[PDB]
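Trainee: sequence? don't have it. structure:
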Ligand SMILES: [O-]S([O-])([O-])O[C@H](CO)[C@@H](O)C[Se@+]1C[C@@H](O)[C@H](O)[C@H]1CO
Ligand SMILES: *[C@@H]1O[C@H](CO)[C@@H](O)[C@H](O)[C@H]1NC(C)=O
Ligand SMILES: [Zn+2]
């Protein structure tokens, strides 16, 4: 295994190093506004060395943005695809590339058989070529790598089944900045080449000057280069026709033949396209070839890529004709005039890359190596696209919830083969496709119109219900005696109970377990643990009595704590935000212990008085002018006091101190250690009153944030043996710090209300001597070193926080893990900050045509880990990566993949069993079974089950290793007949494995395996 910590890779371009050196001056470069006047030697190309030009027709089809997926399909995309089928069928030399398989599958299934056959023929013959082949072209900033892989697999599995093709070239022309997680996944999925477009205009200029726009993109920790993927970065401001023929858009616009008038389009540079004729083709070709030769100067080979397309292009039959016939006249002239020394033709993306690599192998060019990322993107001036790291945060959090529900549903149901009447495959396909659709770069990014966001939300709600149905049918089958199991595939044997989604204060969605002597004495509950190691976690349920005790199925008592159910209310009469307690529902909390990838059953039983093994939390409400707070049968009366500082400690965990406003002020790790200053603060950013306004995409603050005025907020302190917490009702945020014995959990119920033109940020202030360095993750996969640059504006120093961020000095580190992707930074030494929500009245001129005024309450969740790191073996000062400790990684897993909870619906569960998975291997902590998916329906004689195994890399800090069993996923199911290593999409077998054993993977590696069972 390669060492991902101690060996700094030697690359030609390292993006953090490049950023430190670049000046980012925004000077007017002439017609190429963000470049320079390109010059070329006319003698460079001659009869023995011609410029080969591939004009690649394309149509960017957003799966929802300003219309819903179905609205665009009916008004635009179905016409584009039907007319592409006809025009390619009738014009053999015409070509077209297609990226979004969600639309293609929607179209293809509605085609009659004769047309399906015609479509398969134009794909097989190379006229229509799929690029990437994912369900969507995903966002690369907020998306979790697991979901990027899920949507890639959904589109490519469809393409292999119906079109018999698997793309090896990727096309990503619209995500707002680019992540190295893409080449990571693509290179492990059979790809050979990729293309990107939205990178900072200063980066395009710098790389163009050095002819480094084509590069071998490797991961930041990869010393050898085995992860490398050839990448082409486009050079100009847009993928539209004016910015793809060459440097001067006033000239390129004249070659977009849809802009002459009858189509309702024109050239903003004021020179229209003119139909090509025999009287103007020489002058028109002179102009076009000059643009092409200038563009060719930015690259190393004699093969030039010229995309020809724009949003929802190639719809009308007349449009296909006007583009095709005019370009055919240009090619016939150009290719026949030896003096140009050019051979131009319509081509596909793969044809371009194949020709570039033929030139490379002929020794015509060598390509540079590169590592790093391409965030934060700016398309012009100071317009940095860091707003969408936070926009529509409710749905960003929903993405992570559904991510986990899909994983858990696929894993729980994979253990058995299911009759088609159970509709398992149907429900899982629906859930995978709705979550995959949301990975679109106008979905999770929060950059779609209001009604489109509603459509994504409805799709995701249906997907959550589908996952619940599959999960609960699976639990019932896995835990009922086989000869008793009698399923009704439409029945709800269990209800899922989720304490954090939509969340307390967001939706009252949880069911109360109703017990009583005159109705039901007890209730079975079941926990599932999707992770491949034994895990303990506190779990809670709502119950109708405080006198409840817990047992495991061997009837062993389990210690429990009961606390009230508190809800916060914005009292419009008293003008205060304060908590109300229920007098008939209570929370019972206990530690569940669950096998690796397994299930554990417990029983909740009511008694007439306090049970021996159940304790009750105390509650203290701090506020002036308190009123009573009765709690029914709850046995401890609520106490009141004036606001004051307080300190709490659960178990032998850290001791936390809080200000009189209910906000953390210090953490003391052990009884003898220092009270380390760690202060939470809420602030607000505004919008500029002159100049460009923030919107869904752009963050354009009117200076540093200002503190939110807190008033004298009401603070609630709950103290228990198993769980304690401090909650405070602040303007727009109910902030809660929860302690269970380790790093605290933070929950914010964020309701920005009607505060227009406001962004609310949560900041941590410490005295850690971090300087200008901080770390943020990329897609939940890796942590990358960031350097704050005071030569860039504040918004340029914001980066995606898809799952975590940290600052550190020689001795101390503070890591904040998140349960949702949000934007954040470290704007000063010792600080971390992360945006909670943003409400913007204005459109930001990127096509959306509205502000962001559809905010709704969202429950954001986090873990806050303060640790000593002086003994940790860390990368050297020049390494571009960072790595989590064991505690921080487990805290991230507690947020993203918690235990699932099931409440048995009926009164009696006949045939109930107490555990599943007790014999599953408990794998080393850095290994995860990211995906477990049965790949065959029940009719297949040979069943196949696919696994994606990911090993992260955790710092060595002196904690002895111990135990753990080797995990061989190929033997998790019985009767294994074959074990194969495959691409990550499961679509190609790469290795037949000896002894049917699937080896574990190296740190930072991801592999896929398929086991076959007789
Ligand atoms: O913004 S426009 O309507 O002018 O369209 C341009 C050119 O066709 C297009 O690039 C928009 Se891009 C398409 C959409 O996915 C994205 O949110 C937009 C970010 O600006
Ligand atoms: C699909 O795969 C290849 C395409 O090159 C071909 O040999 C094979 O006959 C095709 N068969 C199908 C599934 O149509
Ligand atoms: Zn787009």
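Mentor: Good, I have the coordinates. Residues are numbered from 1 along each chain as shown. Ligands and ions are numbered 1, 2, ... in the order given.
Trainee: which ones are touching whatever residue of the stretch 401-550 of the chain ends up closest to ligand 3?
Mentor: The minimum distance from the stretch 401-550 of the chain to ligand 3, using Cβ to the ion, falls at residue 441 (5.5 Å). For every residue, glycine as well, the C-beta is placed using N, CA and C. Shown in contact with residue 441 (Cβ atoms under 8 Å, 6 or more residues apart in numbering): 62, 136, 137, 138, 139, 140, 174, 175, 176, 447.
Trainee: So the first one versus residue 392, what's the distance?
Mentor: Right, the one you point to is residue 62. Taking Cβ to Cβ, to the nearest Å as the measure, residue 62 falls 16 Å from residue 392.
Trainee: how does the protein divide into domains?
Mentor: What the record gives for the chain is the domain set 1-381, 382-492, 493-617+898-919, 618-897, 920-1014, from curated CATH domains.
Trainee: What does the residue in the stretch 451-600 of the chain positioned nearest to ligand 1 show for phi and psi?
Mentor: Scanning the stretch 451-600 of the chain for proximity to ligand 1 using Cβ to the nearest ligand atom identifies residue 452 as nearest, at 10.9 Å. As for residue 452, its main-chain torsions (degrees, to the nearest 10) stand at phi -80, psi -40.
Trainee: tell me, how many neighbours does it end up with?
Mentor: A total of 23 residues lie near residue 452 under the criterion other Cβ atoms under 10 Å.
Trainee: Now for the closest residue to it other than its chain neighbours: which residues touch it?
Mentor: The shortest distance from residue 452 to any residue that is not its chain neighbour, by Cβ to Cβ, 6 or more residues apart in numbering, is 4.8 Å, and that residue is residue 64. Shown here is residue 64, whose contacts under the criterion Cβ under 8 Å, 6+ apart are 72, 437, 440, 442, 443, 448, 452, 455, 456.
Trainee: Each with direction, which strands does the longest strand seen in the chain pair with?
Mentor: Counting by DSSP state E, the longest strand found in the chain is strand 576-594. Strand 576-594 pairs in its sheet with strand 535-543 (antiparallel), strand 560-571 (antiparallel), by DSSP bridges.
Trainee: re the thing from before, return the most buried member of the domains of the chain.
Mentor: Comparing the domains of the chain on average neighbours per residue, with mean count of other Cβ atoms under 10 Å, the densest one is domain 382-492 at a mean of 21.
Trainee: Taking the stretch 151-300 of the chain, what residue is nearest to ligand 3?
Mentor: Here the stretch 151-300 of the chain gets closest to ligand 3 at one residue, residue 174, 3.6 Å apart by Cβ to the ion.
Trainee: hang on, that residue packs against residue 58?
Mentor: No. With contact defined as Cβ atoms under 8 Å, residue 174 and residue 58 do not form a contacting pair (11.2 Å).
Trainee: so where do the strands sit in the stretch 201-350 of the chain?
Mentor: Counting by DSSP state E, counting those that start in this stretch, the stretch 201-350 of the chain has strands at residues 214-217, 229-233, 303-311, 342-346.
Trainee: now those in a markdown table, with distance to ligand 1?
Mentor: Listed next are these as a markdown table, based on distance: least, Cβ to the nearest ligand atom, whole Å:
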| stretch | distance to ligand 1 |
| --- | --- |
| strand 214-217 | 23 |
| strand 229-233 | 17 |
| strand 303-311 | 4 |
| strand 342-346 | 21 |
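Trainee: Excluding sequence neighbours, find me the nearest residue to the residue of the stretch 751-900 of the chain found nearest ligand 3.
Mentor: Closest contact between the stretch 751-900 of the chain and ligand 3, by Cβ to the ion, is at residue 847 (9.1 Å). Of all residues not flanking residue 847 in the chain, residue 66 sits nearest, at 7.2 Å (Cβ to Cβ, 6+ apart).
Trainee: again, but for residue 243
Mentor: residue 236 (4.1 Å).
Trainee: just checking, the one you found touches residue 205?
Mentor: No. Counting by Cβ under 8 Å, residue 236 does not reach residue 205; the two are 10.5 Å apart.
Trainee: shared neighbours of these two, which are they?
Mentor: Contacts common to residue 236 and residue 205, judged by Cβ under 8 Å, 6+ apart, are residue 35.
Trainee: Please name every helix or strand in contact with the strand or helix carrying residue 84.
Mentor: With elements taken from DSSP states H and E, the one containing residue 84 is helix 78-90. With contacts taken as 3 or more Cβ pairs under 8 Å, 6 or more residues apart in numbering; DSSP states H and E, helix 78-90 sits against strand 96-98, helix 101-110, helix 113-124, helix 317-336.
Trainee: contacting residues around the residue of the chain positioned farthest from its centre?
Mentor: Residue farthest from the centre of the chain, counting by Cα atoms, centre = their mean, is residue 279 at 53.8 Å. With contacts taken as Cβ under 8 Å, 6+ apart, residue 279 has no neighbouring residues.
Trainee: re the thing from before, what's the closest of the helices and strands packed on helix 78-90 to ligand 1?
Mentor: For the helices and strands packed on helix 78-90, distance to ligand 1 was read as Cβ to the nearest ligand atom. The smallest value, 13.5 Å, belongs to helix 101-110.
Trainee: which SS state does the most centrally placed residue in the chain fall under?
Mentor: Centroid-nearest residue in the chain, with Cα atoms, centre = their mean: residue 143, separated by 1.4 Å. Under DSSP: H, G, I helix; E, B strand; the rest coil, residue 143 falls in the coil class.
Trainee: Tell me the secondary structure at residue 413.
Mentor: helix.
Trainee: Could you check how far the nearest residue to it once chain neighbours are set aside is from residue 320?
Mentor: Leaving out its chain neighbours, the residue that sits closest to residue 413 by Cβ to Cβ, 6+ apart is residue 474, at 4.6 Å. According to Cβ to Cβ, residue 474 stands 49 Å off from residue 320.
Trainee: ok now do the residue in the stretch 551-700 of the chain that ligand 3 sits nearest to, which residues does it touch?
Mentor: Closest to ligand 3 within the stretch 551-700 of the chain is residue 697: 11.7 Å, counting by Cβ to the ion. Taking Cβ under 8 Å, 6+ apart, we find residue 697 in contact with 176, 385, 387, 388, 391, 447, 844, 846, 848.
Trainee: what does the stretch 151-300 of the chain put close to ligand 1?
Mentor: Taking Cβ under 6 Å from any ligand atom as the contact definition, the stretch 151-300 of the chain meets ligand 1 at 174, 238, 240.
Trainee: all strands for the stretch 601-750 of the chain, in order.
Mentor: Under DSSP E, counting those that start in this stretch, the stretch 601-750 of the chain gives strands at 614-616, 618-622, 639-641, 646-649, 655-658, 664-668, 676-685, 706-707, 715-719, 724-730, 733-739, 745-750.
Trainee: nearest to ligand 1, of the ones you listed?
Mentor: When those are ranked by distance to ligand 1, counting by Cβ to the nearest ligand atom, first place goes to strand 676-685 at 22.1 Å.
Trainee: just checking, what packs against that closest one?
Mentor: With contacts defined as 3+ Cβ pairs under 8 Å, 6+ apart, strand 676-685 has these neighbours: strand 664-668, strand 706-707, strand 733-739, strand 758-766, strand 858-868.
Trainee: what about 6 Å?
Mentor: On a contact count with 3 or more Cβ pairs under 6 Å, 6 or more residues apart in numbering; DSSP states H and E, strand 676-685 meets strand 664-668, strand 758-766.
Trainee: Format those strands as CSV; extra columns: distance to residue 184.
Mentor: Listed next are the helices and strands packed on strand 676-685 as CSV, based on distance: least, Cβ to Cβ, whole Å:
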stretch, distance to residue 184
strand 664-668, 35
strand 758-766, 30
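Trainee: any chance of those strands in TSV, with distance to ligand 1 too?
Mentor: Written out in TSV, the entries for these read as follows (distance: least, Cβ to the nearest ligand atom, whole Å):
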stretch	distance to ligand 1
strand 664-668	38
strand 758-766	20
